[PDB]
Structures are given as C-alpha cells and as structure tokens.
Amino acid sequence: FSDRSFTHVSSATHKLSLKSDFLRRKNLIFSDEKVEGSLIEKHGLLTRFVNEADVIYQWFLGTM
Amino acid sequence: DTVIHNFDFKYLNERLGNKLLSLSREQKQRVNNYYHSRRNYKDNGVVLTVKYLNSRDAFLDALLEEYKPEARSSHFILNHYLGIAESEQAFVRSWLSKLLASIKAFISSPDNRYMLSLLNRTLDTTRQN
Amino acid sequence: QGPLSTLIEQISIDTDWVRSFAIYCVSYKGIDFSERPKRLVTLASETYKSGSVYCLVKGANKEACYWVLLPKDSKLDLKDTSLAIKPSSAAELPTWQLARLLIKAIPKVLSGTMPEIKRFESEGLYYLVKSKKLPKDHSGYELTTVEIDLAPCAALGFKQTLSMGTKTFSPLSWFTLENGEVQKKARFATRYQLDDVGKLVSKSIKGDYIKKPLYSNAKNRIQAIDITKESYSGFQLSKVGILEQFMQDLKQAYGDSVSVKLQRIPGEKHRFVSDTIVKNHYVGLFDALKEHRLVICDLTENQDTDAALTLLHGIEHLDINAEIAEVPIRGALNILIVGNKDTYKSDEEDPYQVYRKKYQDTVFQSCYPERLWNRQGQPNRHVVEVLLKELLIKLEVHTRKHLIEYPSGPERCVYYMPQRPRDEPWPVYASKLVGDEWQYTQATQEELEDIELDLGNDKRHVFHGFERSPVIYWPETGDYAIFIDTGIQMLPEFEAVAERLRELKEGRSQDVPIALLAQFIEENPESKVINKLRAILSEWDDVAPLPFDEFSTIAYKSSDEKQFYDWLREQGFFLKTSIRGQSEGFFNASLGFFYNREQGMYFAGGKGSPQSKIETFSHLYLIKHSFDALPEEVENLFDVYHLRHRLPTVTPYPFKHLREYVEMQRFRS
DNA sequence: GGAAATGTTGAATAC
DNA sequence: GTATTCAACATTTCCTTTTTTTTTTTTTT
Ligand SMILES: [Mg+2]
C-alpha cells in the first residue's frame, strides 16, 4: 500500500528486494529476513520498481 | 463537515476559490424567514417535545416476565424465548429498552397517531422472536 | 461457625413418611460373576420396563442390590426368577441413598405423575440454565444444565458431598447421519425431554435430546456466582443460584420431611490478600532477572507473526532488557517460540526436545505464538509475566539457591515427589535444603521402603494408583505430610445473598416519586449528593417518577451517598446496598487463604474485592499427617504469590521447584 | 509447549 | 435400551472492555 506520496505500507514483514540473476534469466523477488516492526528501514527494491512502473503507466495514459 | 460522508469542501474551497459560490448572511436570513413563514409553529401552537432515553432494565425485566409468566428468570426468557446469545444480551437489553420505552410513551399519548422508529437493524422475519 | 462448603452435615428424612412410596430391593445374587456382565447391563433397563418406577439407585458394592422407588400402591414385577425381589422398608436404606432416590424423583413429584406407565427420572435433577441455537439448517437447542446429586467423598470417610456439575444436552437429530441413521455412540442412548415451562430436563423414552455436547469432548461451564448488577435474575442462572433453587424445590416436593444441611468448616484463621501486597511482591520479584542474559528466539516453521518482537516489547515494558536471536545461546535464559508439539511428526524435527537435549545445562522456556494475543489482538501482558516468573523459578532450580526471598519451611525435612513414567514402583525425586543451597537427587529404593513403611495407612496416596501425590518427610522422626484435594467446593453465603438480591429487585421495581427526592433536597443541604440530584430532576420530566436507571450516576461509596440511599430505603425504596464488603463476609470462602491447623484443612481463593462474576469454587484441601500437632512452619510454605499468578497457592513452594527439577531431568537422563 | 487450580467429557468398569 | 467411578484435557484468570454490534444501490458487461 502506498498513497504515491508517503505512508507506504507493505503486507510483507520482510524487505522484499529485487535481484536480476544473469546465470538464470530471471528477476527474483527474494526475501531478506526483515521484521514487520522496522518498516522505517532501508527502502527495498520491489517497492521502487512498482512505484516507477505505476508512474510510467500513468504517464502513458496522460500522454495518450 | 465530514469527508467520509461528503465532498471535502476544504479542498474545493482551495481549488475553486471563489468559483465555489456561497449564499451570504442576508440571503440566509431571507431563506430563514421564508422557511419560518411556511412552518410557523410558534404562532400556531405546535410544540416539539424531546426526551433522551437510556436503558430501562427493570422495565424490560417486568415486561419479559409478563411475556412468559411461568418461566423462571428474565435473563432466561431473553436467552431461550427471544433467542439472544450471552454476548448480545447487554446490547439487546440496551437497545430494546429504549425502543419499548419510546413506544409506551407514544401509545399513552392522547392524540399522536403515527410513530416511526428508526433503528439500525431491520425487524424482519430473521428476528421474529 | 465458618465458611460454607458442599460437604453435607446432616440429611434428615422422616423415614416413616416414606407412606408415600414403596421401596423394593432387587438382588442379583446367585448368578455367577461371569454371568454378571451378561445380565446386569440391562438389569436397570429391565427394572425400568417392568412398570411404574420412579428411579433406582445401585446399592453399596458389598450389598450387591438395587433399591427401587415406586408409588405406594405400585408393585414391582420382573419375569426373571433368578433375581430376588423383596419389599424393603425405608429405614433399611442408608440415608444418603434414600436421599439420592428422593432427589431423583423430584421432577415427577412436582408434576402430576402423568399416568402413562413409563414415568422416569432415572437420571437426577437437571436444571436448565442456558440454551444455544443450533447452527443453521438444524432445529432444537444445545441445553446447558446444572445437575444436583449426592456422592460419597473420597478423601473423607463416611461423608458425602452435594455436587453441582454442569451437563450439556444436544438434539438427537444432530447426531443423525444424512441417510437417516444415527451415529455409533448416539444409538441406544438415554433420551431426554425439555420441560414445557423450561425448568427441568428429564428422561423420556420419546425425548428429543441426548446427553452429549455438540462437539466431542467440548466443555461448557456455568459460572459459580453472578451478582453483576445485584440482579437476582442473573444470580438465578449460576451454580449457587441453582443450588438455592434446589433447596426450594426440595421442600416444595417433600415439605419439611426431607432436608439437606451443608457443613461449615471451623474458622480458625483466615487471612486476606490485598492487590497492593501482590503488586509490592511482584515489582520486587522481577528485579532478580536483570543480572542474567535473556534471549528470545522464534523457531516456528514459516515464521510469520513476528511474535518475538511482541515478546521483546512486553519484556521491556517491565523494564527488563532482552535480545532477540536466531538461535538459542548456550548458557543464557532462552524463550523458544515453537510450533504446536503434535504438528511436528518427529522428535528431531521439533526445536523443543532438540535444544533441550543439546543444551543440557541451559534454562529453557517455550511458548506458542498464538498465546500472546488477546481476542482483539493486543499483546497479552499476563502471558509475558507468567513466562518471566517461570524463567525465574527454573533459574532458581538450576542455580541451587533462592534468588528472591522465600518463607522459611520446616527444618530437617525432605520433599519427595513421585514421577509418572498402576501398582508398580515409580521414580521418586527428592529435594532438600542444607544451609542455603537446595539439593536435588533421586530417591534410592532403600529409602522408599522406609517411606512406604512409615506412611502407614496413607501409603496408598503415594505408592499406588495413577497420579500419586508428593510428600514431606521427616527422617529423624518418621513423620509425614500429604496434601490432598478433597474435592469439596467452598460456597459463599448464597442464601443471604439471595434474600438481599430479592429485596433489591423488589425495591428497584418502583420508580421514585419526585416528592421524596425534592424532600431530601430540602432537608439535607450539607449532602454533596444534592447537586447531582438537582441536575437529574432538571433533565427529567416534571411529573413522571424517576426510574432507578437514572440513579446509576450516584454510587454507594460516599457517606453522603450511603445516607441518601438509606433515607430512600426508609421511605420504602431499597435501591442500592453493599454485598461485597468484608463486614458482611458473604464472599469469604472465595478469597484469601484459610488454614485450620488443628484439623489440617485449608483453601485459597482470589485476592482483593470479590469480583462481580466468579467462575470457580475453591476446593478444600486436607493435610494427612502423623503429628500430634502439625508443625507451625508448614503453613509458611503457602506464603508465596507467584507460584500461582498473583494469587495464593494450595501447594507448598518446594513442590513447584521439585517439579521443575524433574522436568529438567527428562532430557538430561 | 504460560501457569495453577478447577472442572467436565468420555471411557472403562461394573456390580 | 444401564449406573457408578474416575482419569485426561479444557478454560478462565491473570497489575480487572475483545470492540462494536447494517442496510443499501446503477450501469455496462
Ligand atoms: Mg513449564
């Protein structure tokens, strides 16, 4: 959950990060063992990816 | 002044500015006078009586023991014959006593002819007891 | 005399009055012991099918007979010639057996006896208390009743206790399969009818209920006392209210000819516990945990709830510093949040029983991660206090010393506790205090022969049967002390409470006229109650009398409030009173710690003011011992408020530590 | 494996 | 279609609410 400005909330207790494995051909949403209580920790990568993808999609619709 | 149940007029006033029109104090006074001229309660003798009712546990208990004269206790009458679980007993005793007290005060009035209870739950066939 | 108990003092029956009934003795003598299982399971039912029987009671085992109660002109008749049937006078029966017969017969004595030949109250009184609607697409209710019966007491000799057990009934249709057949354990069961006015549940061969719960092994419970708003209507739906109802019904059916009198325990010493003393004990208790490292671990498979963080937050809320870790640390205090024990298919899969055997010299404590949430999900603080105090107790066990102060027990005594691995020998563990160090060993078989020799007639409590009881043994004299639960429940003064609540109901049935309240306003200007009264009268209408529900803002605490309510009572409106006060003492036998040293009886209850709703009765415990007079130091062993959570205990504190020591030896050995 | 203390179901007994 | 005794797991409490307690609608697909 995210309001596109602040108050981001994730159902995962963990810090879901996003890693590209070139040995395979996959982008892996892997789980560091972070705890749900420390939601003010370092910003993971999955949230960044989703936010940027949303921004680009809405940008496409606005440009349309 | 709610945003759950209304548009945010703080935001609308920020965004529209004075394109958000508002009838003024003189206009509101004129509308108030017009509404008074069509609803002149005071010069004609209409009276509005207001009561605030709380729970009436003894009154409800006497009514329940009249409903089932040979049962043992009014808590048992509520549980068995009305079908109320042990969790809902206090809440039902609260909202039922007020409703019945208002109904009794309505009936004992000399010439009122039309009551309307407004509850939250419907009293349809799912609550027949 | 003292507090009231369910032990029966006297059962008085006019035996010549039972004119009203005919009693027969059905003797199944003659037939072989091998024939006994063949021809005794239906003997009760063959007697039932014979005619107009009220009820029957199985006699004393050595007598080997059934006593059967019938109407006066009725005659029993069985077709079996092997059975012996002789008329029996009422005086030949033991008094409690005759009382059990008459207690059973109450439902059909109160009614018109309904000349259909199969009247039956073979099972005793069942007073309906609660009902629950069945789940959807099913009819009928789940009936929760309270059963009244007499049973001879186990610990006491030649004495019987009146019992108030809960019994649940469910409709027979609930146990019928979809094809129309009933289940295995529902067929051939006795069937019960709910009375048309809804008081009693009684046996009827056409009945729709059987005596089983909705779900297997599920337990329903009726609360012991309920006085939540001094409501007589809620007092009546509790076990003590059902007991008062039964005492009324007994004299309605039989007059004064049948009476049951309960026993009062002689009141030597009864000390009470305040919440302040408990809090003073507890805040000083936890301080000994500071200088030991405490570790929280979460080894549940698929760690999902992060309950370890909740445990840490709760622990630091009591100003105890602790650290979360991925694995238990050898040498420190460890809490292992593990999964449920049965869901782990093998021992080595379970974190429990693995680090327990791995870290053989490490204090451990475990929990399930659902057991720290309330029903609304907030952290449960009581669980974390319990966990911390159990950790403290186990640390005291390992360190072989007391970390907090404990009352001095008797000197030169050894605490023995048998451990369940039944007339075969058990492992018996020992604890002993020398100087200031607690020793813990395992008793040798040479010792346990001397213990069993000195225990005399009481050796059966310790060296025979399932669940044997621990001992305190004095080796230099051969004296012992066994602490036995008699099963006797201790009752509050239910009759006086009932009278007071009835008077309050009668008083509160009326609305207070405005004239009386205005008079009290006029006459007592110095009372501080006057302003609230004037505000209430201003809010209220000017003519209609004030209902009692408006008075709820005015409590019964201040002397002015008490004077106001007493004046109202003098005017004829008994609206409020005090029943939880210690001056009246109605709710003694549910509070504090009672200890009669001369008789060896004791019990423990709650602390503080009596709660408005009490769910359990305190049992009476008896001290079997060989002293001429029990040593004074023995009663010091109960002066601890942390064995039980913030409450007095009924077992000596050396037995808790010894139990923990035995639990530690499960994995080291 | 929250604890103790109370309490009830089911099962075996079983006279 | 039995009665009585009894051993095994549930339940409530705990430095004291679990919290509030419902019916209702338009449109395209
Ligand atoms: Mg333990």
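Residue numbers begin at 1 in each chain, while the letters A, B, ... track the order of the sequences. Note that these values count all heavy atoms, side chains included, but never hydrogens, waters or copies made by symmetry.
Remark: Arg420(C) fails to qualify as a cation-pi partner of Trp426(C) under the 6.0 Å distance and 45° angle criteria applied to the six-membered ring. In this structure, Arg100(C) forms no cation-pi arrangement with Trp67(C), as its terminal cationic atom is not both closer than 6.0 Å to the ring centre and no more than 45° off the ring axis.
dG1(D) and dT20(E) have their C1' atoms separated by 34 Å, given to the nearest Å.
Of the residues in residues 638-647 of chain C, those lying under 4.0 Å from DNA chain E by heavy-atom distance are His645(C), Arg646(C). For the segment residues 612-619 of chain C, the set of residues with a heavy atom within less than 4.0 Å of an atom of DNA chain D comprises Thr616(C), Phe617(C), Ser618(C), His619(C), in numerical order. Scanning residues 275-287 of chain C for heavy-atom distances under 4.0 Å to DNA chain D yields an empty list.
For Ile222(C) and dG7(D), the CD1 to P distance is 13 Å, given to the nearest whole Å. Protein atom CG of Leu336(C) is 14 Å distant from nucleotide atom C1' of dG2(D), rounded to whole Å. Taking atom CD1 of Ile225(C) as the reference point, atom P of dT6(D) lies 13 Å away to the nearest angstrom. Atom CZ in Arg659(C) sits roughly 8 Å away from atom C1' in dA4(D) (whole-Å rounding). At whole-Å resolution of the value, CG in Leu143(C) and P in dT9(D) are 13 Å apart. Distance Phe175(C) CZ to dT9(D) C1': 12 Å, rounded to the nearest Å. As a whole-Å value, the separation of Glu663(C) CD from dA4(D) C1' is 14 Å.
Residues satisfying the ring-ring contact (aromatic ring centres under 6.0 Å, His included) test with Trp96(C), not counting sequence neighbours, are none. Contacts of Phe272(C) classified as ring-ring contact (aromatic ring centres under 6.0 Å, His included), with partners at least two apart in sequence or in another chain: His270(C). By the ring-ring contact (aromatic ring centres under 6.0 Å, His included) test, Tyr352(C) is found to be paired with no residue, residues two or more places apart in sequence or in another chain being considered.
Remark: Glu390(C) engages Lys656(C) in a salt bridge, criterion side-chain N to carboxylate O under 4.0 Å. Between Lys394(C) and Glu396(C) there is no salt bridge, since no side-chain nitrogen of the basic residue lies less than 4.0 Å from a carboxylate oxygen of the acidic one. Remark: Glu35(C) does not engage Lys38(C) in a salt bridge, criterion side-chain N to carboxylate O under 4.0 Å.
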**Study point:** Protein proximity profile, nucleotides 10-15 of chain D - base contact B, sugar-phosphate-only contact S, no contact -, cut-off 4.0 Å on heavy atoms
**Key:** S---BB
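Here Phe593(C) and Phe603(C) keep their ring centres 6.0 angstrom or further from each other. Checked against the 6.0 Å centroid criterion, the rings of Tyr48(C) and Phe120(C) qualify as a close aromatic pair.
The salt bridge (charged side-chain N to carboxylate O under 4.0 Å, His left out) contacts involving residues 203-224 of chain C comprise nothing, where partners must be two or more places apart or lie in separate chains. Residue pairs meeting the salt bridge (charged side-chain N to carboxylate O under 4.0 Å, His left out) criterion with at least one partner in residues 362-374 of chain C, sequence neighbours excluded, are absent.
Heavy-atom nearest nucleotides on DNA chain D were determined for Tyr352(C) and for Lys167(C), and the one closer to the 5' end corresponds to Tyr352(C). Along DNA chain D, the nucleotide nearest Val383(C) and the nucleotide nearest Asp485(C) are compared for position; the residue whose nucleotide lies closer to the 5' end is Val383(C).
You cannot call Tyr368(C) stacked on the base of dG1(D); the centres under 5.5 Å and planes under 30° rule is not satisfied.
Side-chain to base pairing of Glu370(C) with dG1(D): no donor and acceptor N or O lie closer than 3.5 Å to each other.
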Practice item. List the steps, then state whether ring pair (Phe, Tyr, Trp, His ring centres under 6.0 Å) holds for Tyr621(C) with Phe483(C). Key: CA-CA 7 Å; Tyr621(C) 285 74; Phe483(C) 297 75; 9.0 Å; no
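For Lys656(C), whose side chain is taken as the heavy atoms from C-beta onward, the closest listed nucleotide among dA3(D), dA5(D), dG2(D) is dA3(D).
Heavy atoms of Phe91(B) sit under 4.0 angstrom from at least one base atom.
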Name each donor-acceptor pair under 3.5 Å that joins a side chain in residues 275-284 of chain C to protein atoms two or more places apart or in another chain, with its distance.
unit_1    : atom_1 : unit_2    : atom_2 : d
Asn280(C) : ND2    : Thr276(C) : O      : 3.4
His281(C) : NE2    : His642(C) : ND1    : 3.2
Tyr282(C) : OH     : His645(C) : ND1    : 3.1

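Looking at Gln89(B), its side chain never comes within 3.5 Å of a backbone N or O of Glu86(B) through a donor-acceptor pair.
Phosphate proximity of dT9(D) to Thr168(C): present, with a side-chain N or O under 4.0 Å from OP1 or OP2.
For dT22(E), the base is anti relative to its sugar; the glycosidic angle deviates from 0 by more than 90°.
The span of DNA chain E lying next to chain B, judged by atoms under 4.0 Å from heavy atoms, is bounded 5' to 3' by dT21(E) to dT23(E).
Counting only Watson-Crick and G-U wobble pairs whose two key distances fall under 3.5 Å, DNA chain E forms stems of three or more stacked pairs at D:3-6 with E:10-13, D:11-14 with E:2-5.
Taking ring-centre separation below 5.5 Å and interplanar angle below 30 degrees as the test, the adjacent bases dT22(E) and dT23(E) pass.
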